[PDB]
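model_15.cif (mmCIF, C-alpha atoms) appears below.
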data_run
#
loop_
_atom_site.label_atom_id
_atom_site.label_comp_id
_atom_site.auth_asym_id
_atom_site.auth_seq_id
_atom_site.Cartn_x
_atom_site.Cartn_y
_atom_site.Cartn_z
CA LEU A 187 30.84 -3.48 25.59
CA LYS A 188 32.91 -0.21 25.51
CA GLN A 189 33.71 2.34 28.28
CA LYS A 190 34.60 6.03 27.68
CA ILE A 191 37.04 7.51 30.31
CA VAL A 192 38.66 11.03 30.68
CA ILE A 193 42.05 11.40 32.47
CA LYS A 194 43.74 14.70 33.53
CA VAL A 195 47.53 14.15 33.46
CA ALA A 196 50.26 16.74 34.13
CA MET A 197 52.12 17.20 30.77
CA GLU A 198 54.81 19.93 31.40
CA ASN A 200 60.06 17.06 29.47
CA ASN A 201 57.79 15.37 26.81
CA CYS A 202 55.19 14.05 29.39
CA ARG A 203 52.57 14.71 26.57
CA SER A 204 54.26 12.12 24.25
CA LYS A 205 54.74 9.73 27.29
CA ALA A 206 51.08 9.90 28.51
CA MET A 207 49.55 9.31 25.02
CA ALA A 208 52.24 6.59 24.30
CA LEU A 209 51.57 4.76 27.64
CA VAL A 210 47.75 5.13 27.36
CA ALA A 211 47.77 4.17 23.61
CA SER A 212 49.77 0.97 24.42
CA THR A 213 47.22 -0.42 27.00
CA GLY A 214 45.12 -3.59 26.26
CA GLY A 215 41.63 -2.99 24.81
CA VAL A 216 42.19 0.69 23.90
CA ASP A 217 40.19 1.68 20.71
CA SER A 218 41.08 5.48 20.75
CA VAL A 219 43.11 8.06 22.71
CA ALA A 220 42.42 11.80 22.22
CA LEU A 221 43.52 15.18 23.69
CA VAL A 222 40.29 16.89 24.95
CA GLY A 223 39.15 19.49 27.52
CA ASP A 224 39.25 23.32 27.20
CA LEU A 225 43.15 23.33 27.57
CA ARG A 226 43.98 19.98 25.79
CA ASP A 227 45.27 18.68 29.18
CA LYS A 228 42.91 15.63 29.33
CA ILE A 229 43.13 12.23 27.60
CA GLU A 230 39.78 10.62 26.60
CA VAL A 231 40.15 6.80 26.16
CA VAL A 232 37.54 4.43 24.64
CA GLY A 233 37.74 0.62 24.77
CA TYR A 234 37.02 -2.66 26.63
CA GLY A 235 38.63 -4.23 29.76
CA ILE A 236 40.72 -1.12 30.71
CA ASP A 237 41.28 -0.95 34.51
CA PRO A 238 41.05 2.85 35.06
CA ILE A 239 42.89 2.44 38.47
CA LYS A 240 45.76 0.30 36.98
CA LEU A 241 45.99 3.00 34.23
CA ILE A 242 45.95 6.05 36.64
CA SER A 243 48.63 4.11 38.70
CA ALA A 244 50.80 3.38 35.59
CA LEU A 245 50.70 7.08 34.51
CA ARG A 246 51.53 8.36 38.06
CA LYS A 247 54.58 5.97 37.95
CA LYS A 248 56.10 6.93 34.52
CA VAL A 249 54.75 10.43 33.50
CA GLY A 250 53.62 12.36 36.62
CA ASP A 251 50.27 13.28 38.23
CA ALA A 252 47.01 11.77 36.87
CA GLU A 253 43.33 11.92 37.98
CA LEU A 254 40.36 9.95 36.64
CA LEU A 255 37.64 12.60 35.91
CA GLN A 256 34.91 10.74 33.93
CA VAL A 257 33.46 7.27 33.21
CA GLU A 258 30.55 6.83 30.70
CA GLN A 259 29.32 3.54 29.18
CA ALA A 260 28.87 3.65 25.36
CA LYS A 261 25.06 3.98 24.68
CA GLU A 262 24.55 1.26 21.98
CA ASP A 263 20.86 2.15 21.14
CA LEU B 187 47.94 22.56 9.20
CA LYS B 188 45.33 19.90 10.30
CA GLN B 189 46.10 16.29 9.15
CA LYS B 190 44.37 12.85 9.10
CA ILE B 191 46.83 9.94 8.43
CA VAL B 192 45.56 6.29 8.18
CA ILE B 193 48.35 3.62 8.21
CA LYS B 194 47.84 -0.13 7.63
CA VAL B 195 50.30 -1.99 9.93
CA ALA B 196 51.13 -5.72 10.28
CA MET B 197 50.06 -6.34 13.92
CA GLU B 198 50.13 -10.16 14.46
CA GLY B 199 49.30 -10.23 18.26
CA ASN B 200 48.55 -8.04 21.39
CA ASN B 201 52.20 -6.76 21.76
CA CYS B 202 52.77 -5.55 18.11
CA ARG B 203 49.36 -3.68 18.33
CA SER B 204 50.50 -2.08 21.66
CA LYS B 205 54.04 -1.17 20.31
CA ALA B 206 52.55 0.43 17.09
CA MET B 207 49.91 2.48 19.03
CA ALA B 208 52.69 3.43 21.51
CA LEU B 209 54.86 4.73 18.61
CA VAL B 210 52.15 6.57 16.58
CA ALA B 211 50.78 8.12 19.83
CA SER B 212 54.28 9.36 20.97
CA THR B 213 54.83 11.34 17.65
CA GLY B 214 54.94 15.17 18.00
CA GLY B 215 51.66 17.06 17.50
CA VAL B 216 49.39 13.94 17.65
CA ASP B 217 45.88 14.99 18.90
CA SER B 218 44.28 11.47 18.60
CA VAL B 219 45.07 7.82 17.73
CA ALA B 220 42.29 5.29 16.92
CA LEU B 221 42.32 1.64 15.80
CA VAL B 222 39.95 1.72 12.74
CA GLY B 223 38.54 -0.82 10.21
CA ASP B 224 36.23 -3.83 10.73
CA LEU B 225 39.34 -5.82 11.93
CA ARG B 226 41.07 -3.03 13.93
CA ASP B 227 44.21 -3.40 11.67
CA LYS B 228 44.54 0.34 10.76
CA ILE B 229 45.82 3.33 12.83
CA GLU B 230 44.09 6.77 12.26
CA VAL B 231 46.28 9.63 13.60
CA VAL B 232 45.04 13.29 13.64
CA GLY B 233 47.21 16.27 14.63
CA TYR B 234 49.51 19.07 13.40
CA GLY B 235 53.04 19.13 11.89
CA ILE B 236 53.15 15.29 11.83
CA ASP B 237 55.75 14.04 9.27
CA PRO B 238 54.15 10.92 7.62
CA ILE B 239 57.57 9.99 6.05
CA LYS B 240 59.29 9.50 9.51
CA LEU B 241 56.10 7.96 11.06
CA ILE B 242 56.13 5.23 8.34
CA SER B 243 59.99 4.84 8.54
CA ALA B 244 59.89 4.27 12.36
CA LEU B 245 56.93 1.77 12.40
CA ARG B 246 58.78 -0.19 9.62
CA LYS B 247 61.88 -0.40 11.92
CA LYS B 248 60.00 -1.48 15.14
CA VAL B 249 56.63 -3.43 14.86
CA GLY B 250 56.30 -4.94 11.29
CA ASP B 251 55.49 -3.59 7.78
CA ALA B 252 53.50 -0.32 7.36
CA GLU B 253 51.63 1.11 4.29
CA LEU B 254 50.22 4.68 3.98
CA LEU B 255 46.46 4.36 3.11
CA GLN B 256 45.39 8.05 3.65
CA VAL B 257 46.77 11.63 4.11
CA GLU B 258 44.14 14.47 3.82
CA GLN B 259 44.14 18.16 4.87
CA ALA C 32 25.36 34.92 34.19
CA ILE C 33 25.51 31.35 32.61
CA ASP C 34 24.30 31.57 28.94
CA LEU C 35 25.16 28.38 26.92
CA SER C 36 24.36 30.31 23.65
CA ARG C 37 27.73 32.17 24.18
CA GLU C 38 29.86 29.13 25.23
CA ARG C 39 32.46 27.97 22.64
CA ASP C 40 31.98 24.23 21.70
CA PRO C 41 34.24 21.78 23.60
CA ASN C 42 37.27 19.97 22.11
CA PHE C 43 36.11 16.41 21.29
CA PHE C 44 36.96 13.15 19.48
CA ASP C 45 34.04 10.92 18.40
CA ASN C 46 35.28 7.31 18.33
CA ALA C 47 34.25 5.83 14.85
CA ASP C 48 32.98 2.43 16.26
CA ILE C 49 30.62 3.59 19.11
CA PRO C 50 27.59 5.89 18.63
CA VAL C 51 28.08 9.69 18.50
CA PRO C 52 27.22 11.28 21.90
CA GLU C 53 24.33 13.75 21.32
CA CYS C 54 25.16 16.33 24.10
CA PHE C 55 27.77 18.93 24.97
CA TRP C 56 28.30 19.50 28.73
CA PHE C 57 29.85 22.52 30.45
CA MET C 58 31.16 22.54 34.05
CA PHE C 59 31.10 25.83 36.11
CA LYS C 60 32.34 26.85 39.57
CA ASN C 61 30.74 30.18 40.69
CA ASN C 62 29.63 30.71 37.03
CA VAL C 63 33.25 30.39 35.73
CA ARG C 64 33.68 27.67 33.02
CA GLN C 65 36.19 24.94 34.21
CA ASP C 66 35.78 22.47 31.33
CA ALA C 67 33.44 21.07 28.67
CA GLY C 68 33.06 17.76 26.73
CA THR C 69 30.35 15.39 25.34
CA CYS C 70 27.89 12.85 26.76
CA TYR C 71 24.96 10.76 25.52
CA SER C 72 21.31 11.92 25.79
CA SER C 73 18.75 9.76 27.71
CA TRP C 74 21.78 8.41 29.61
CA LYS C 75 24.11 8.81 32.62
CA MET C 76 27.84 9.38 33.30
CA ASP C 77 29.88 9.46 36.50
CA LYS C 78 31.84 12.79 36.67
CA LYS C 79 34.39 14.23 39.15
CA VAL C 80 32.75 17.70 39.92
CA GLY C 81 35.41 19.58 41.91
CA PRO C 82 35.93 17.40 45.03
CA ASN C 83 33.11 14.85 44.53
CA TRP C 84 32.09 12.11 42.06
CA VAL C 85 28.54 12.89 40.77
CA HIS C 86 26.15 10.47 39.00
CA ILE C 87 24.76 12.80 36.25
CA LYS C 88 21.59 11.72 34.32
CA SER C 89 20.75 13.09 30.80
CA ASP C 90 17.16 13.36 29.37
CA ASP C 91 16.18 13.19 25.64
CA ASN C 92 16.99 16.94 25.18
CA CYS C 93 20.40 16.91 27.05
CA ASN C 94 19.14 18.45 30.36
CA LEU C 95 21.52 17.11 33.05
CA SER C 96 20.58 16.53 36.73
CA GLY C 97 22.91 15.50 39.62
CA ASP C 98 23.92 16.38 43.27
CA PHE C 99 26.51 19.11 42.47
CA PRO C 100 28.77 20.23 45.37
CA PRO C 101 28.18 23.89 46.45
CA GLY C 102 29.05 26.51 43.75
CA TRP C 103 29.30 23.98 40.87
CA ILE C 104 26.96 22.99 38.02
CA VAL C 105 27.18 20.82 34.86
CA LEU C 106 24.78 22.03 32.07
CA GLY C 107 23.81 20.22 28.85
CA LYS C 108 23.17 21.25 25.20
CA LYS C 109 22.17 19.29 22.02
CA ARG C 110 25.19 19.18 19.62
CA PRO C 111 24.40 20.43 16.07
CA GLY C 112 22.50 17.74 14.03
CA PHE C 113 20.62 16.11 16.95
#

Just give me the structure as structure tokens.
Amino acid sequence: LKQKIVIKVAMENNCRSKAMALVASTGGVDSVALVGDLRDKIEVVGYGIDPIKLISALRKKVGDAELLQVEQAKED
Amino acid sequence: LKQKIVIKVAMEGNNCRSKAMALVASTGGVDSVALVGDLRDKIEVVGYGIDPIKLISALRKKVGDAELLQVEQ
Amino acid sequence: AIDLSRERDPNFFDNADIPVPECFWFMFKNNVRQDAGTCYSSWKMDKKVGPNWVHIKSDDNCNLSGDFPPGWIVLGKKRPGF
């Protein structure tokens, strides 16, 4: 079933549009959302997302990225 | 200025789904993008100063057809 | 110094097709708020708490326990409606 993950990415040109675009485009993604006190984190929910392949992809195209959270969906 | 926009898109495979979520998610002032519906064939976008006209226009150019189901504020 | 009754709610997005997480969490270093988000009650998440990954457990009233690095804590709260 579904994993919830939170990613801090550096977003200062349009690294905000790039990070969301890249994350949104990844296999198995159900939702991407700007979260955290400063809207500097991306929370991703889905199935079969490799967090490390995703951190790596972001670092390559956008700039710095850091996995900060993994939570399984509680289904009951 | 807080919007919810639900678009039905023709996404006939893994790639078209990816390309459409790429394009909605890249739009200025998007806070969140979610695949919605029992069949995951609708894109919910929430945010601020999103132009639904251009969003629809662009999708229509790139991935397949696109219909505006919902705009509420 | 830490009083959750005075902490503004976190920014969140509740995915439509998984259950709504019952708890708000709030991360402090030396009683300064660093971030906040949501997590399930009667559950567990893995969280980067400053330098270290922490396994954090939640009970049925959103009390969080975990091995926080010196100076740091993550504290829980029932969201409105749970």

Checklist outcome for this item: A straight line from atom CA of residue B:236 to atom CA of residue A:242 spans 27.4 Å

Checklist entry - Got a sec to resolve the PyMOL selection byres ((chain A and resi 238) around 12) on this structure and send the residues as a VMD selection string? => result chain A and resid 189 to 193 210 213 to 216 230 to 237 239 to 245 252 to 257

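Atom to atom, atom CA of residue B:220 and atom CA of residue B:238 stand 16.1 Å apart.
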
For chain A versus chain B, which residues have an atom no more than 7 Å away, and what is each residue's nearest atom pair and distance in Å rounded to one decimal, using all atoms listed in the file, chain-then-number order, as a Markdown table?
| residue | atom | partner | partner_atom | distance |
| --- | --- | --- | --- | --- |
| A:204 | CA | B:212 | CA | 4.3 |
| A:205 | CA | B:212 | CA | 6.3 |
| A:207 | CA | B:211 | CA | 5.5 |
| A:208 | CA | B:208 | CA | 4.2 |
| A:209 | CA | B:208 | CA | 6.4 |
| A:211 | CA | B:207 | CA | 5.3 |
| A:212 | CA | B:204 | CA | 4.2 |
| A:213 | CA | B:204 | CA | 6.5 |
| A:217 | CA | B:221 | CA | 5.4 |
| A:218 | CA | B:220 | CA | 4.0 |
| A:219 | CA | B:219 | CA | 5.4 |
| A:220 | CA | B:218 | CA | 4.1 |
| A:221 | CA | B:217 | CA | 5.3 |

Could you work out an axis-aligned box for stretch 42-51 of chain C, taking every atom the file lists and adding 8 Å on each side, and report centre and edge lengths in Å to one decimal, as lines of an AutoDock Vina configuration file?
center_x = 32.4
center_y = 11.2
center_z = 18.5
size_x = 25.7
size_y = 33.5
size_z = 23.3

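Between atom CA of residue C:60 and atom CA of residue C:76 the interatomic distance comes to 19.1 Å.
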
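Here the question is which of B:259, B:239, B:199, B:223 gets nearest to residue B:187 using only C-alpha atoms, and that residue is B:259.
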
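Once residue B:255 and its same-chain neighbours fewer than 3 positions away are set aside, residues 191, 192, 193 and 194 of chain B remain within 8 Å of it when counting only C-alpha atoms.
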
Residues just named, written with C-alpha atoms as an mmCIF file, keeping the file's coordinate frame:
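Listing of again21.cif after writing:
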data_model
loop_
_atom_site.group_PDB
_atom_site.id
_atom_site.type_symbol
_atom_site.label_atom_id
_atom_site.label_comp_id
_atom_site.auth_asym_id
_atom_site.auth_seq_id
_atom_site.Cartn_x
_atom_site.Cartn_y
_atom_site.Cartn_z
ATOM 1 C CA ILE B 191 46.830 9.940 8.430
ATOM 2 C CA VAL B 192 45.560 6.290 8.180
ATOM 3 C CA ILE B 193 48.350 3.620 8.210
ATOM 4 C CA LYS B 194 47.840 -0.130 7.630
#

Checklist entry - Using all atoms listed in the file, which residues sit within 12 Å of residue C:93 once same-chain residues fewer than 6 positions away are excluded, as a list in words? => result residues 52, 53, 54, 55, 56, 57, 69, 70, 71, 72, 73, 74, 75, 87, 105, 106, 107, 108, 109, 110 and 113 of chain C

Checklist entry - Within 6 Å of chain A, which residues of chain C show up when using all atoms listed in the file, listed as a VMD selection string? => result chain C and resid 42 to 43 66 76 to 79

Next on the checklist: Here is a test: counting only C-alpha atoms, which residue of C:49, C:68, C:84, C:38 is nearest to residue A:229?
Outcome noted: C:68

Next on the checklist: Would you pick out the contacts of residue B:246 at 10 Å or less, using all atoms listed in the file, so that residues sharing its chain but fewer than 6 positions from it are not included, and give the list as number ranges by chain?
Outcome noted: B: 195-196, 206, 240, 252-253

Selected residues, C-alpha atoms, written as a short mmCIF file (atom, residue, chain, number, x, y, z; two decimals), in the coordinates of the input, please.
data_model
loop_
_atom_site.label_atom_id
_atom_site.label_comp_id
_atom_site.auth_asym_id
_atom_site.auth_seq_id
_atom_site.Cartn_x
_atom_site.Cartn_y
_atom_site.Cartn_z
CA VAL B 195 50.30 -1.99 9.93
CA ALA B 196 51.13 -5.72 10.28
CA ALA B 206 52.55 0.43 17.09
CA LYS B 240 59.29 9.50 9.51
CA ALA B 252 53.50 -0.32 7.36
CA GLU B 253 51.63 1.11 4.29
#

Could you list, as a PDB file with C-alpha atoms, keeping the file's coordinate frame, the residues of chain C having an atom within 9 Å of chain B when counting all atoms listed in the file?
ATOM      1  CA  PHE C  44      36.960  13.150  19.480  1.00  0.00           C
ATOM      2  CA  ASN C  46      35.280   7.310  18.330  1.00  0.00           C
ATOM      3  CA  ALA C  47      34.250   5.830  14.850  1.00  0.00           C
ATOM      4  CA  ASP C  48      32.980   2.430  16.260  1.00  0.00           C
TER       5      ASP C  48
END

Next on the checklist: Can you pull out the residues contacting residue A:250? Cut-off 8 Å, using only C-alpha atoms, and skip same-chain residues under 4 positions away; I want them as JSON, numbers by chain.
Outcome noted: {"A": [195, 196, 197, 202, 245, 246]}

Write out the residues from the selection above, keeping C-alpha atoms, as a compact mmCIF listing (two decimals), in the frame of the given file.
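Saved as out.txt:
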# COMPACT_ATOMS: atom_id res chain seq x y z
CA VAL A 195 47.53 14.15 33.46
CA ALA A 196 50.26 16.74 34.13
CA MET A 197 52.12 17.20 30.77
CA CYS A 202 55.19 14.05 29.39
CA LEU A 245 50.70 7.08 34.51
CA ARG A 246 51.53 8.36 38.06

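The set of protein, DNA and RNA residues with any counted atom at most 10 Å from (45.9, 14.4, 0.4) (all atoms listed in the file) reads residues 189, 190, 191, 256, 257, 258 and 259 of chain B.
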
Residues from last step as file, C-alpha atoms, as a tab-separated table (two decimals), keeping the file's coordinate frame:
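Done, and the output landed in part.tsv:
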chain	number	residue	atom	x	y	z
B	189	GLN	CA	46.10	16.29	9.15
B	190	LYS	CA	44.37	12.85	9.10
B	191	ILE	CA	46.83	9.94	8.43
B	256	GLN	CA	45.39	8.05	3.65
B	257	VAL	CA	46.77	11.63	4.11
B	258	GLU	CA	44.14	14.47	3.82
B	259	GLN	CA	44.14	18.16	4.87

Item to check | Evaluate the PyMOL selection byres ((chain C and resi 81) around 8) and report residues as a list in words | outcome: residues 79, 80, 82, 83, 100 and 103 of chain C

Pull out stretch 36-53 of chain C, keep N, CA, C and O atoms, and write it as a PDB file, in the first residue's frame.
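Okay, out_25.pdb is ready:
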ATOM      1  N   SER C  36      -0.742  24.930  22.963  1.00  0.00           N
ATOM      2  CA  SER C  36      -2.009  25.687  22.875  1.00  0.00           C
ATOM      3  C   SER C  36      -1.785  27.002  22.131  1.00  0.00           C
ATOM      4  O   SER C  36      -2.775  27.550  21.634  1.00  0.00           O
ATOM      5  N   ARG C  37      -0.538  27.469  22.016  1.00  0.00           N
ATOM      6  CA  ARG C  37      -0.186  28.754  21.346  1.00  0.00           C
ATOM      7  C   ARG C  37       0.537  28.522  20.016  1.00  0.00           C
ATOM      8  O   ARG C  37       1.039  29.514  19.452  1.00  0.00           O
ATOM      9  N   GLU C  38       0.623  27.285  19.536  1.00  0.00           N
ATOM     10  CA  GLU C  38       1.372  26.978  18.288  1.00  0.00           C
ATOM     11  C   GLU C  38       0.380  27.058  17.136  1.00  0.00           C
ATOM     12  O   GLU C  38      -0.629  26.338  17.201  1.00  0.00           O
ATOM     13  N   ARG C  39       0.649  27.888  16.131  1.00  0.00           N
ATOM     14  CA  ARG C  39      -0.164  27.903  14.890  1.00  0.00           C
ATOM     15  C   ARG C  39      -0.128  26.491  14.266  1.00  0.00           C
ATOM     16  O   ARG C  39       0.909  25.854  14.295  1.00  0.00           O
ATOM     17  N   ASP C  40      -1.268  26.022  13.759  1.00  0.00           N
ATOM     18  CA  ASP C  40      -1.454  24.762  12.992  1.00  0.00           C
ATOM     19  C   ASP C  40      -0.410  24.663  11.877  1.00  0.00           C
ATOM     20  O   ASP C  40      -0.044  25.635  11.243  1.00  0.00           O
ATOM     21  N   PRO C  41       0.103  23.473  11.555  1.00  0.00           N
ATOM     22  CA  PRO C  41       0.977  23.342  10.390  1.00  0.00           C
ATOM     23  C   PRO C  41       0.231  23.482   9.062  1.00  0.00           C
ATOM     24  O   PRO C  41      -0.958  23.305   9.025  1.00  0.00           O
ATOM     25  N   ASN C  42       0.975  23.810   8.010  1.00  0.00           N
ATOM     26  CA  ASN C  42       0.573  23.653   6.591  1.00  0.00           C
ATOM     27  C   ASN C  42       0.468  22.151   6.355  1.00  0.00           C
ATOM     28  O   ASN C  42       1.344  21.395   6.866  1.00  0.00           O
ATOM     29  N   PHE C  43      -0.603  21.729   5.692  1.00  0.00           N
ATOM     30  CA  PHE C  43      -0.839  20.305   5.375  1.00  0.00           C
ATOM     31  C   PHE C  43      -1.643  20.167   4.086  1.00  0.00           C
ATOM     32  O   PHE C  43      -2.270  21.119   3.631  1.00  0.00           O
ATOM     33  N   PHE C  44      -1.599  18.955   3.547  1.00  0.00           N
ATOM     34  CA  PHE C  44      -2.423  18.421   2.443  1.00  0.00           C
ATOM     35  C   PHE C  44      -2.803  16.982   2.810  1.00  0.00           C
ATOM     36  O   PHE C  44      -1.915  16.124   3.067  1.00  0.00           O
ATOM     37  N   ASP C  45      -4.096  16.739   2.940  1.00  0.00           N
ATOM     38  CA  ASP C  45      -4.618  15.397   3.270  1.00  0.00           C
ATOM     39  C   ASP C  45      -4.977  14.745   1.954  1.00  0.00           C
ATOM     40  O   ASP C  45      -5.993  15.160   1.357  1.00  0.00           O
ATOM     41  N   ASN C  46      -4.164  13.778   1.529  1.00  0.00           N
ATOM     42  CA  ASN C  46      -4.467  12.994   0.309  1.00  0.00           C
ATOM     43  C   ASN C  46      -5.899  12.402   0.433  1.00  0.00           C
ATOM     44  O   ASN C  46      -6.215  11.794   1.495  1.00  0.00           O
ATOM     45  N   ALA C  47      -6.736  12.543  -0.597  1.00  0.00           N
ATOM     46  CA  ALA C  47      -8.171  12.107  -0.620  1.00  0.00           C
ATOM     47  C   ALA C  47      -8.365  10.577  -0.460  1.00  0.00           C
ATOM     48  O   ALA C  47      -9.426  10.177   0.043  1.00  0.00           O
ATOM     49  N   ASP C  48      -7.391   9.757  -0.861  1.00  0.00           N
ATOM     50  CA  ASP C  48      -7.531   8.282  -1.057  1.00  0.00           C
ATOM     51  C   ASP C  48      -6.655   7.492  -0.062  1.00  0.00           C
ATOM     52  O   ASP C  48      -6.392   6.307  -0.354  1.00  0.00           O
ATOM     53  N   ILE C  49      -6.123   8.129   1.002  1.00  0.00           N
ATOM     54  CA  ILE C  49      -5.661   7.415   2.228  1.00  0.00           C
ATOM     55  C   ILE C  49      -6.315   8.085   3.426  1.00  0.00           C
ATOM     56  O   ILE C  49      -6.793   9.205   3.331  1.00  0.00           O
ATOM     57  N   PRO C  50      -6.417   7.401   4.581  1.00  0.00           N
ATOM     58  CA  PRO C  50      -7.059   7.999   5.751  1.00  0.00           C
ATOM     59  C   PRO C  50      -6.410   9.319   6.210  1.00  0.00           C
ATOM     60  O   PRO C  50      -5.231   9.594   5.960  1.00  0.00           O
ATOM     61  N   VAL C  51      -7.219  10.147   6.857  1.00  0.00           N
ATOM     62  CA  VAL C  51      -6.760  11.452   7.378  1.00  0.00           C
ATOM     63  C   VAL C  51      -5.915  11.174   8.615  1.00  0.00           C
ATOM     64  O   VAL C  51      -6.416  10.565   9.558  1.00  0.00           O
ATOM     65  N   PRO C  52      -4.626  11.599   8.638  1.00  0.00           N
ATOM     66  CA  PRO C  52      -3.808  11.539   9.844  1.00  0.00           C
ATOM     67  C   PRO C  52      -4.402  12.404  10.957  1.00  0.00           C
ATOM     68  O   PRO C  52      -4.706  13.566  10.702  1.00  0.00           O
ATOM     69  N   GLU C  53      -4.513  11.802  12.151  1.00  0.00           N
ATOM     70  CA  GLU C  53      -5.235  12.349  13.317  1.00  0.00           C
ATOM     71  C   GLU C  53      -4.403  13.428  14.041  1.00  0.00           C
ATOM     72  O   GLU C  53      -5.030  14.293  14.694  1.00  0.00           O
TER      73      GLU C  53
END
